[PDB]
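S.K.: Right, I'll just put the structure down here and ask away after.
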2 protein chains.
Amino acid sequence: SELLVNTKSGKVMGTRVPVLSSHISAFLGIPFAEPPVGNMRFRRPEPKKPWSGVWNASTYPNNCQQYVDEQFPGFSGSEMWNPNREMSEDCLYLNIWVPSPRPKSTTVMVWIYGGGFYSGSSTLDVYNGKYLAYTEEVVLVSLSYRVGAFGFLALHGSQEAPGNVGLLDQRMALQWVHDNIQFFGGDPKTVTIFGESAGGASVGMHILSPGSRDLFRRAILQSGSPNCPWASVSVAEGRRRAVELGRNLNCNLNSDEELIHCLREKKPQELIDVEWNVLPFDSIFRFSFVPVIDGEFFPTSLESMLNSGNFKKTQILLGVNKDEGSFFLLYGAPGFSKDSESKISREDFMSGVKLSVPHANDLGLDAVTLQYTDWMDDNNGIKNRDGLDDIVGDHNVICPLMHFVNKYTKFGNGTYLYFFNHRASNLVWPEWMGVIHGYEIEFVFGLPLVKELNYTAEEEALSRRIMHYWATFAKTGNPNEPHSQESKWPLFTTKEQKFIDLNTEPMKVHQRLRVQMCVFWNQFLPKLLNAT
Amino acid sequence: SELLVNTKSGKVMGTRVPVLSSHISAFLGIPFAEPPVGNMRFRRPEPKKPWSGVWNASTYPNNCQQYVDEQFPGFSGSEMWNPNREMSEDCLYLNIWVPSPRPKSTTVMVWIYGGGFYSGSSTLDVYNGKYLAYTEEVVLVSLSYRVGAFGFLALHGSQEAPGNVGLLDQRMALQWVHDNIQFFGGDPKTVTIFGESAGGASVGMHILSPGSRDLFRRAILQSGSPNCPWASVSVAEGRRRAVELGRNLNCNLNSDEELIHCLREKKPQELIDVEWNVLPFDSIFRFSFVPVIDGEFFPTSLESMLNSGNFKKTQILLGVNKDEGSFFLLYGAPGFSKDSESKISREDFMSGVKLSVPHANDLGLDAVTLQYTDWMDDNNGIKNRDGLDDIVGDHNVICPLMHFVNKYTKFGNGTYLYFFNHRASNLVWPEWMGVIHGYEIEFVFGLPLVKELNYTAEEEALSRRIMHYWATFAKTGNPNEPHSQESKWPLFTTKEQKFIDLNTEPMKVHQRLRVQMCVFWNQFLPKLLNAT
Ligand SMILES: O/N=C/c1nc(CCCCCN2CCOCC2)ccc1O
Ligand SMILES: O/N=C/c1nc(CCCCCN2CCOCC2)ccc1O
Ligand SMILES: *[C@@H]1O[C@H](CO)[C@@H](O)[C@H](O)[C@H]1NC(C)=O
Ligand SMILES: *[C@@H]1O[C@H](CO)[C@@H](O)[C@H](O)[C@H]1NC(C)=O
Ligand SMILES: *[C@@H]1O[C@H](CO)[C@@H](O)[C@H](O)[C@H]1NC(C)=O
Ligand SMILES: *[C@@H]1O[C@H](CO)[C@@H](O)[C@H](O)[C@H]1NC(C)=O
């Protein structure tokens, strides 16, 4: 049967799902690890013991335990990102969409969800792999991984809570795809990993980690890169936050053993209730438990790895959105509101700068403020709002990504860079937020092909274009069809630094994406902070 | 007789000079001090002993001893600024142009020449007062003062070489005008002092100095202000340079008495031969012997005087030119040449930055470089050339002046601000130098009214406009004619910060002159340097 697949771990039974007036096979909730529950909380994942019988893979699995966004109850803009399945520590599963009839050996794409390493679900409507698998005839995988303290609590030196175990969750799913996707018609030698935000940083982290490089062919990173200021902490900061967490829960803090045992006795929501209290600064775009620079998953610092070429050399496709910052200002900066234009007073602007660069001294705040203030019109509330927007996105997403892309292209085998700046016509968020963090995903997964979702015909064309860029890149290492008459997406090179816009207008090619601000964020400001 | 005038110091006999197919009276080379020669070198000026008989005031006096520009022999662009009279330490004289017939009690304007406190002459063709005196019916005075070491060698604590004596030369000329201009038909209660560059800084310094405030009514500063980074040094730096000077001349350095006596034995050219060797940095737009913050002429620091309102409160007219920096880059920065377009390589740009901010550390140089580099086009040699031009003018002229004008307007009684950006049609300097430091003077003194000098009719109109703005301001404290139908020059206020362009086009009003760069030069960079 087409819905029955024999794997090295056992048989699985999928389900036939409709898609665009056709059908494909879906294998939902396949386990790839032992449930990381009980005494295994905070530990590295173990591989799933093979099973007898037929595993029912007809339904979506549980989502991992996470903080849940209640800032706008009933509002689809925020709740479409919340878990849409019961939460459970028993959450290490993956999902596969397979073209029908079953392919023999086809291109594989593995989706890694974002969410600041504190949240995320493989089961969201916007991650439904059936449109991409059907349209582009790829085998689409989405994995899952522990977030929050459950995935990233780091007590370096301990083997019970070493840190990075959510990254190892991802790697074990990658190992499982490598070992088993051939049975689903996937080609294990042509696996592209792709992800957005924390998932894009994750993709970059598997590019860097020697233990991960061999498990995939090429990589796509959307609005995230491994060197992002929020994506990792040192071993000392990870230890400090773990101890502060136990301090929030009245834990014996005498030893790692005491602390871990206390934290393992707590119910999941107890950890989530206090998770945000361990941040060291009054900040935005900073998350409590994230990957740790441990000398094991990451052999040395990220910057020295990037400088020495210590990373997998292959092709990469990556990009950013126009207004990456607006989401985080909405949720955490004074003066921003969902239902107003959020014109920003000068006081509020200064408050925003401080939340945005929480590690900066007062001279650093001044440097940032000078760089982003039109002093001919300092009380322009729209310029203050857009200026804060740019600060948050430049510092947290665009300029770290530009630093990564420039270090990587020196040693890599091909780079394609995009600037996604289409505001969707059916967007439920306010105008001022612009082209929001995460809102290219629905185009990458082909949601505008579904008529009931109220996109324009031009947006369907843009989605089909992006889906084909991405799958063609996954298949060949080049998003362009050979001998095609459509406009070509030029390679990004050290010399020319070309990129394209992604929108409903005819493709335009630019160079040196936001280079003025990224020189400030990547060269000048770190020098200023290190000297003062 | 109209050419004979009885003053408190004695009688003087002027000469009738032609001007624009008419005639006026000129009284040239009137002494206002004792010759500061011999044992008086470096000392405060003494007042001139009154004389018997009639002083022959028919000819221009000697110019003070100064370094002479030989960088372009025979080239009128540079030599029109050189002394055009024999040099002598016997040089403390002033010149008066008087309308004919002699007025009874008219507006007086006193010109103070520029030249970095190391050079300058009252006798230059471009300072000929006859056009302004004739056209606007003012009594035009030009004074002189010691420059170089002769005017500004500073051994604080010594009464033989206290410093600032060139400023006291200026003040004694002002005292003489106050005491005697009534006899020439001048009104001593309506004296405007005006000057360019070091002379504009000089004007600002008499505004600040309590010993000078009472000797004039109002003030005009052109491309110079008292707080300029080159216009003054501390008492310790003045002492260091004085000692280094004696070290260059094999002087006994055991005591101030030893040092001063040695320096007084030297011929003037011996001092001039080594004057440039005492600068502490590899710099441009820095001069060896300048005013010193002595606690006497200047009671406290300039910044605290400006903050507390400790200065004469009156009306001021001031402005800058578009390309103040190009002169100094031509003479001292690598890659700039009189006869090429001076397109500037990146290496040369970096060299220029270091010469321009010689007191900056490497982080400060980076801040400057970032502020003035278009990183989308970093190898644009024209952008590097114009960028260096702007750095030099912003840092040395425009932004210090903007700092002065903003501090002053808080306490003053009326400010008028101009941006002079007309390139003269007969300019002999290359195109790349633009609207050069000092090249508004010829318009202020009415040279375009002389047909043989090859200006356009529009330039004659601009000169007449500027002459009338200036004389009307000198007469009333407002450059605008009351109940006039011509376009009005708005007051500069703390709130609106309006200024005008001065060129051959219809007047345009702008606000916040070069405010973006001046926030960098006046707020951020000093903070950066003081913290690092
Ligand atoms: O990948 N997306 C993650 C993402 N994260 C945010 C930050 C929301 C964090 C809210 C934290 N608060 C802190 C105080 O306690 C309650 C929760 C905002 C937009 C985003 O897209
Ligand atoms: O007020 N004008 C003064 C002014 N000053 C300069 C600087 C020229 C200084 C040349 C100094 N050098 C230094 C080395 O020895 C020879 C002389 C350039 C343009 C100007 O307008
Ligand atoms: C698999 O699970 C679904 C939902 O729980 C159920 O409808 C279906 O019959 C199951 N298939 C089996 C048990 O073979
Ligand atoms: C990738 O590597 C191959 C050799 O393995 C080389 O021929 C090709 O030019 C490389 N492409 C890029 C874009 O570096
Ligand atoms: C004044 O000096 C000039 C030039 O030296 C001379 O021509 C003139 O006759 C003199 N007048 C006198 C001495 O009365
Ligand atoms: C100048 O001072 C007078 C009072 O002496 C005042 O009435 C006038 O408004 C002032 N002008 C300005 C521009 O401050």
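By convention in this document, the chains of the structure tokens carry letters A, B, ... by their order, each chain's residues are numbered from 1, and ligands are numbered from 1 in the order they are shown.
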Please return, as a PyMOL selection string, all residues of segment 155-281 of chain A that DSSP assigns to strand (DSSP E or B) on the basis of the backbone.
M.R.: chain A and resi 162+186-196+218-222+233
S.K.: Pick out each residue of segment 280-451 of chain A that DSSP on the backbone tags as alpha helix (DSSP H); I need them as a PyMOL selection string.
M.R.: chain A and resi 302-307+326-332+346-356+362-372+381-393+399-411+441-444
S.K.: Given the selection you just returned, output its residues as a file containing C-alpha atoms, formatted as a PDB file, in the first residue's frame.
M.R.:
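Output file again_12.pdb is given in full below:
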ATOM      1  CA  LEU A 302      31.096  31.265  16.284  1.00  0.00           C
ATOM      2  CA  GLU A 303      33.183  34.170  14.997  1.00  0.00           C
ATOM      3  CA  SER A 304      36.431  32.174  14.939  1.00  0.00           C
ATOM      4  CA  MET A 305      34.645  29.266  13.250  1.00  0.00           C
ATOM      5  CA  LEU A 306      33.383  31.668  10.578  1.00  0.00           C
ATOM      6  CA  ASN A 307      36.782  33.304  10.154  1.00  0.00           C
ATOM      7  CA  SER A 326       8.037  45.485  14.377  1.00  0.00           C
ATOM      8  CA  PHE A 327       6.761  42.269  16.040  1.00  0.00           C
ATOM      9  CA  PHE A 328       9.098  42.648  19.006  1.00  0.00           C
ATOM     10  CA  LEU A 329       8.436  46.363  19.509  1.00  0.00           C
ATOM     11  CA  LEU A 330       4.681  45.700  19.481  1.00  0.00           C
ATOM     12  CA  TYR A 331       5.081  43.171  22.312  1.00  0.00           C
ATOM     13  CA  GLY A 332       7.683  44.917  24.427  1.00  0.00           C
ATOM     14  CA  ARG A 346      11.115  61.091  21.637  1.00  0.00           C
ATOM     15  CA  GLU A 347      10.969  59.696  25.204  1.00  0.00           C
ATOM     16  CA  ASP A 348       9.561  56.441  23.906  1.00  0.00           C
ATOM     17  CA  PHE A 349      12.219  56.333  21.182  1.00  0.00           C
ATOM     18  CA  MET A 350      14.958  56.606  23.801  1.00  0.00           C
ATOM     19  CA  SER A 351      13.270  53.864  25.828  1.00  0.00           C
ATOM     20  CA  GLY A 352      13.132  51.707  22.693  1.00  0.00           C
ATOM     21  CA  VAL A 353      16.842  52.115  21.972  1.00  0.00           C
ATOM     22  CA  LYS A 354      17.724  50.960  25.480  1.00  0.00           C
ATOM     23  CA  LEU A 355      15.507  47.841  25.257  1.00  0.00           C
ATOM     24  CA  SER A 356      16.945  47.070  21.804  1.00  0.00           C
ATOM     25  CA  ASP A 362      25.492  55.029  27.418  1.00  0.00           C
ATOM     26  CA  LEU A 363      28.042  55.928  24.736  1.00  0.00           C
ATOM     27  CA  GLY A 364      26.786  52.947  22.732  1.00  0.00           C
ATOM     28  CA  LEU A 365      23.171  54.042  23.099  1.00  0.00           C
ATOM     29  CA  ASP A 366      24.241  57.496  21.861  1.00  0.00           C
ATOM     30  CA  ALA A 367      25.993  55.961  18.842  1.00  0.00           C
ATOM     31  CA  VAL A 368      22.836  54.018  17.955  1.00  0.00           C
ATOM     32  CA  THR A 369      20.614  57.049  18.559  1.00  0.00           C
ATOM     33  CA  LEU A 370      22.781  59.276  16.362  1.00  0.00           C
ATOM     34  CA  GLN A 371      22.875  56.643  13.595  1.00  0.00           C
ATOM     35  CA  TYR A 372      19.084  56.357  13.371  1.00  0.00           C
ATOM     36  CA  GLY A 381       6.657  60.158  15.349  1.00  0.00           C
ATOM     37  CA  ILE A 382       6.593  58.085  12.160  1.00  0.00           C
ATOM     38  CA  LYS A 383      10.350  58.480  11.702  1.00  0.00           C
ATOM     39  CA  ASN A 384      10.866  57.483  15.340  1.00  0.00           C
ATOM     40  CA  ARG A 385       8.613  54.451  14.873  1.00  0.00           C
ATOM     41  CA  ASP A 386      10.248  53.291  11.622  1.00  0.00           C
ATOM     42  CA  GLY A 387      13.662  54.149  13.083  1.00  0.00           C
ATOM     43  CA  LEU A 388      13.105  51.848  16.058  1.00  0.00           C
ATOM     44  CA  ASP A 389      11.749  49.210  13.674  1.00  0.00           C
ATOM     45  CA  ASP A 390      14.971  49.362  11.636  1.00  0.00           C
ATOM     46  CA  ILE A 391      17.179  49.326  14.752  1.00  0.00           C
ATOM     47  CA  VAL A 392      15.601  46.119  16.010  1.00  0.00           C
ATOM     48  CA  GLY A 393      15.702  44.332  12.655  1.00  0.00           C
ATOM     49  CA  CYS A 399      23.175  42.704   9.986  1.00  0.00           C
ATOM     50  CA  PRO A 400      24.059  39.395  11.723  1.00  0.00           C
ATOM     51  CA  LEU A 401      22.825  37.605   8.615  1.00  0.00           C
ATOM     52  CA  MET A 402      24.873  39.907   6.400  1.00  0.00           C
ATOM     53  CA  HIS A 403      27.913  39.170   8.558  1.00  0.00           C
ATOM     54  CA  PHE A 404      27.250  35.426   8.191  1.00  0.00           C
ATOM     55  CA  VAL A 405      26.681  35.604   4.440  1.00  0.00           C
ATOM     56  CA  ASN A 406      29.878  37.524   3.910  1.00  0.00           C
ATOM     57  CA  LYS A 407      32.011  35.169   6.006  1.00  0.00           C
ATOM     58  CA  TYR A 408      30.368  32.125   4.435  1.00  0.00           C
ATOM     59  CA  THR A 409      30.654  33.126   0.782  1.00  0.00           C
ATOM     60  CA  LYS A 410      34.442  33.267   1.143  1.00  0.00           C
ATOM     61  CA  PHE A 411      34.549  29.477   1.609  1.00  0.00           C
ATOM     62  CA  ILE A 441       6.618  31.643   5.502  1.00  0.00           C
ATOM     63  CA  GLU A 442       3.056  31.496   4.138  1.00  0.00           C
ATOM     64  CA  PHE A 443       4.463  32.252   0.686  1.00  0.00           C
ATOM     65  CA  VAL A 444       7.218  29.654   1.083  1.00  0.00           C
TER      66      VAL A 444
END
S.K.: Do you know which residues are at most 7 Å from segment 132-148 of chain B counting only C-alpha atoms, after dropping those on the same chain fewer than 3 positions away, and could you put them as a VMD selection string?
M.R.: chain B and resid 24 64 66 92 to 99 106 to 112 117 to 119 121 to 122 129 151 to 152 166 169 to 170 173 186 289 445 to 446 467 to 468 471
S.K.: Which protein, DNA or RNA residues have an atom within 10 Å of ligand 2, counting only C-alpha atoms and all ligand atoms, as a PyMOL selection string?
M.R.: chain B and resi 67-71+78+81+113-120+196-200+223-224+272-277+279+282-288+324-332+436-439
S.K.: For atom CA of residue 29 of chain B and atom CA of residue 56 of chain B, quote the distance in Å rounded to one decimal.
M.R.: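 Value for the atom CA of residue 29 of chain B-atom CA of residue 56 of chain B distance: 8.4 Å.
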S.K.: Mind dumping a table of every chain A residue within 10 Å of chain B, with the nearest atom pair and its distance in Å to one decimal, using only C-alpha atoms, sorted by chain and rising number, as CSV?
M.R.:
residue,atom,partner,partner_atom,distance
A:363,CA,B:528,CA,6.8
A:364,CA,B:528,CA,9.3
A:366,CA,B:524,CA,7.0
A:367,CA,B:524,CA,7.2
A:369,CA,B:524,CA,10.0
A:370,CA,B:520,CA,7.5
A:371,CA,B:371,CA,8.6
A:373,CA,B:516,CA,8.6
A:374,CA,B:516,CA,7.2
A:375,CA,B:516,CA,5.5
A:376,CA,B:512,CA,6.6
A:377,CA,B:512,CA,9.7
A:511,CA,B:376,CA,8.1
A:512,CA,B:376,CA,6.6
A:513,CA,B:376,CA,9.1
A:514,CA,B:376,CA,8.9
A:515,CA,B:375,CA,6.4
A:516,CA,B:375,CA,5.5
A:517,CA,B:375,CA,9.2
A:518,CA,B:375,CA,9.8
A:519,CA,B:370,CA,8.0
A:520,CA,B:370,CA,7.5
A:523,CA,B:366,CA,9.3
A:524,CA,B:366,CA,7.0
A:525,CA,B:367,CA,9.3
A:527,CA,B:363,CA,7.3
A:528,CA,B:363,CA,6.8
A:531,CA,B:532,CA,6.9
A:532,CA,B:532,CA,6.2
S.K.: Take the residues that were just selected and, keeping N, CA and C atoms, output them as a PDB file, in the first residue's frame.
M.R.:
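What follows is the written file part.pdb:
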ATOM      1  N   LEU A 363      27.430  55.513  25.994  1.00  0.00           N
ATOM      2  CA  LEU A 363      28.042  55.928  24.736  1.00  0.00           C
ATOM      3  C   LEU A 363      27.525  55.090  23.566  1.00  0.00           C
ATOM      4  N   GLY A 364      27.320  53.792  23.788  1.00  0.00           N
ATOM      5  CA  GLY A 364      26.786  52.947  22.732  1.00  0.00           C
ATOM      6  C   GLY A 364      25.361  53.309  22.363  1.00  0.00           C
ATOM      7  N   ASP A 366      24.100  56.262  22.635  1.00  0.00           N
ATOM      8  CA  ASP A 366      24.241  57.496  21.861  1.00  0.00           C
ATOM      9  C   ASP A 366      24.635  57.212  20.413  1.00  0.00           C
ATOM     10  N   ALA A 367      25.588  56.299  20.204  1.00  0.00           N
ATOM     11  CA  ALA A 367      25.993  55.961  18.842  1.00  0.00           C
ATOM     12  C   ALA A 367      24.807  55.447  18.038  1.00  0.00           C
ATOM     13  N   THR A 369      21.591  55.974  18.698  1.00  0.00           N
ATOM     14  CA  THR A 369      20.614  57.049  18.559  1.00  0.00           C
ATOM     15  C   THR A 369      21.016  58.012  17.454  1.00  0.00           C
ATOM     16  N   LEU A 370      22.294  58.402  17.423  1.00  0.00           N
ATOM     17  CA  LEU A 370      22.781  59.276  16.362  1.00  0.00           C
ATOM     18  C   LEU A 370      22.608  58.631  14.991  1.00  0.00           C
ATOM     19  N   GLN A 371      22.908  57.328  14.886  1.00  0.00           N
ATOM     20  CA  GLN A 371      22.875  56.643  13.595  1.00  0.00           C
ATOM     21  C   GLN A 371      21.468  56.589  13.010  1.00  0.00           C
ATOM     22  N   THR A 373      18.693  58.733  13.917  1.00  0.00           N
ATOM     23  CA  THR A 373      17.866  59.922  14.125  1.00  0.00           C
ATOM     24  C   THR A 373      18.062  60.895  12.976  1.00  0.00           C
ATOM     25  N   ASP A 374      16.971  61.262  12.318  1.00  0.00           N
ATOM     26  CA  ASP A 374      16.970  62.409  11.415  1.00  0.00           C
ATOM     27  C   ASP A 374      16.904  63.670  12.275  1.00  0.00           C
ATOM     28  N   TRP A 375      18.041  64.345  12.449  1.00  0.00           N
ATOM     29  CA  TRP A 375      18.075  65.512  13.323  1.00  0.00           C
ATOM     30  C   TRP A 375      17.475  66.761  12.688  1.00  0.00           C
ATOM     31  N   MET A 376      17.062  66.701  11.424  1.00  0.00           N
ATOM     32  CA  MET A 376      16.258  67.769  10.846  1.00  0.00           C
ATOM     33  C   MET A 376      14.791  67.648  11.208  1.00  0.00           C
ATOM     34  N   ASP A 377      14.397  66.526  11.783  1.00  0.00           N
ATOM     35  CA  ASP A 377      13.006  66.260  12.082  1.00  0.00           C
ATOM     36  C   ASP A 377      12.927  65.264  13.216  1.00  0.00           C
ATOM     37  N   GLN A 511      22.595  45.546  -4.724  1.00  0.00           N
ATOM     38  CA  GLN A 511      23.879  45.159  -4.165  1.00  0.00           C
ATOM     39  C   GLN A 511      24.018  45.755  -2.777  1.00  0.00           C
ATOM     40  N   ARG A 512      24.779  45.060  -1.932  1.00  0.00           N
ATOM     41  CA  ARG A 512      25.213  45.550  -0.625  1.00  0.00           C
ATOM     42  C   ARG A 512      24.024  45.904   0.275  1.00  0.00           C
ATOM     43  N   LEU A 513      23.236  44.877   0.592  1.00  0.00           N
ATOM     44  CA  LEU A 513      22.035  45.023   1.404  1.00  0.00           C
ATOM     45  C   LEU A 513      22.346  45.682   2.743  1.00  0.00           C
ATOM     46  N   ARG A 514      21.747  46.867   2.949  1.00  0.00           N
ATOM     47  CA  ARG A 514      21.817  47.649   4.188  1.00  0.00           C
ATOM     48  C   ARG A 514      23.239  47.743   4.723  1.00  0.00           C
ATOM     49  N   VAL A 515      24.174  48.002   3.807  1.00  0.00           N
ATOM     50  CA  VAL A 515      25.593  47.943   4.136  1.00  0.00           C
ATOM     51  C   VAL A 515      25.987  49.072   5.087  1.00  0.00           C
ATOM     52  N   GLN A 516      25.405  50.266   4.916  1.00  0.00           N
ATOM     53  CA  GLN A 516      25.720  51.385   5.810  1.00  0.00           C
ATOM     54  C   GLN A 516      25.434  51.027   7.267  1.00  0.00           C
ATOM     55  N   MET A 517      24.216  50.575   7.556  1.00  0.00           N
ATOM     56  CA  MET A 517      23.884  50.214   8.931  1.00  0.00           C
ATOM     57  C   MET A 517      24.640  48.975   9.405  1.00  0.00           C
ATOM     58  N   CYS A 518      24.906  48.012   8.518  1.00  0.00           N
ATOM     59  CA  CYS A 518      25.577  46.808   8.990  1.00  0.00           C
ATOM     60  C   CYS A 518      27.047  47.058   9.302  1.00  0.00           C
ATOM     61  N   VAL A 519      27.691  48.012   8.622  1.00  0.00           N
ATOM     62  CA  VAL A 519      29.023  48.421   9.063  1.00  0.00           C
ATOM     63  C   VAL A 519      28.961  49.001  10.475  1.00  0.00           C
ATOM     64  N   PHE A 520      27.902  49.756  10.784  1.00  0.00           N
ATOM     65  CA  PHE A 520      27.758  50.254  12.147  1.00  0.00           C
ATOM     66  C   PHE A 520      27.540  49.106  13.129  1.00  0.00           C
ATOM     67  N   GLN A 523      30.910  46.380  12.644  1.00  0.00           N
ATOM     68  CA  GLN A 523      32.271  46.852  12.847  1.00  0.00           C
ATOM     69  C   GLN A 523      32.361  47.917  13.931  1.00  0.00           C
ATOM     70  N   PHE A 524      31.695  49.056  13.750  1.00  0.00           N
ATOM     71  CA  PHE A 524      31.948  50.185  14.641  1.00  0.00           C
ATOM     72  C   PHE A 524      31.441  49.929  16.060  1.00  0.00           C
ATOM     73  N   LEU A 525      30.155  49.601  16.212  1.00  0.00           N
ATOM     74  CA  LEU A 525      29.595  49.487  17.561  1.00  0.00           C
ATOM     75  C   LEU A 525      30.276  48.417  18.405  1.00  0.00           C
ATOM     76  N   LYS A 527      33.362  47.519  18.257  1.00  0.00           N
ATOM     77  CA  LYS A 527      34.614  48.166  18.631  1.00  0.00           C
ATOM     78  C   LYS A 527      34.390  49.205  19.727  1.00  0.00           C
ATOM     79  N   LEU A 528      33.349  50.032  19.586  1.00  0.00           N
ATOM     80  CA  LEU A 528      33.038  51.020  20.617  1.00  0.00           C
ATOM     81  C   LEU A 528      32.786  50.350  21.963  1.00  0.00           C
ATOM     82  N   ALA A 531      35.990  48.876  23.647  1.00  0.00           N
ATOM     83  CA  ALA A 531      36.974  49.824  24.140  1.00  0.00           C
ATOM     84  C   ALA A 531      36.490  50.534  25.393  1.00  0.00           C
ATOM     85  N   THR A 532      35.176  50.738  25.514  1.00  0.00           N
ATOM     86  CA  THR A 532      34.568  51.431  26.657  1.00  0.00           C
ATOM     87  C   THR A 532      33.976  50.453  27.674  1.00  0.00           C
TER      88      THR A 532
END
